[PDB]
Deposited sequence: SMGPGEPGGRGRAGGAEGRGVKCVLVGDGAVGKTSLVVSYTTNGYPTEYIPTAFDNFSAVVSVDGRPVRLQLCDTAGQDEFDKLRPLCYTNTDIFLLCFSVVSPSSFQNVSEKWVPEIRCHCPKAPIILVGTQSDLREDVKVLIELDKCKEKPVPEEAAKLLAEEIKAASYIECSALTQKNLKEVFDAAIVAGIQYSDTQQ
């Protein structure tokens, strides 16, 4: 059984990722049995609040973590910038050994006019997939995987990858 913790800025879609996949509050735990490469594995999902108010409690959730899903929204460059500035340092402070998968969320919004118009008011654009992939390399993430809890694009893949990385580490 594999312990997976999701971290990242508020509003990127952490809670939505886990609920979409496994099917109303700050911190919550989920448990699912998942078929990975043909055999069942128990996956514990710990959903954390990403607001600065925490690190109060948040790192208390980290004990014995096998895999971190470090999430940013692909339509939030600020959340991408926080991967380097806040999240990788925090994870590495508490669990320096644990594998990380860099997870880009809300992929469907790359094609949402309202969202794109809003980003452009500050001359921003969605995070290029190339940039995410390069960062994943820089931070020594296992991989970069981009997904949508709305359309379920790559949602299975995110958690399959989490389990594979998590078993390898655990073992």
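- According to the record, C-alpha coordinates are lacking for deposited residues 1-19, 43-50, 199-201.
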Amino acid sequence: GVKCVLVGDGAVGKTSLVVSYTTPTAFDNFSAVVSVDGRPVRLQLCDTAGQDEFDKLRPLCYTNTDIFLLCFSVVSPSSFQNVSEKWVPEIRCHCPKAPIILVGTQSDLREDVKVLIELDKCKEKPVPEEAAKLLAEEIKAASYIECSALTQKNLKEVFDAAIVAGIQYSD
From here on, numbers count along this sequence of modelled residues.
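- If you average the C-alpha B-factors over 39-47 and over 24-32, the higher value belongs to 24-32.
- For residue 155, the recorded CA temperature factor ranks within the highest third of the chain's modelled residues.
- Ranked within its chain, residue 92 lands in the highest third, by CA B factor from the PDB record.
- Sort the modelled residues of the chain by CA B factor and residue 66 lands in the lowest third.
- Among all modelled residues in this chain, the alpha-carbon of residue 161 has a temperature factor (C-alpha) in the middle third.
- Among all modelled residues in this chain, the alpha-carbon of residue 133 has a temperature factor (C-alpha) in the highest third.
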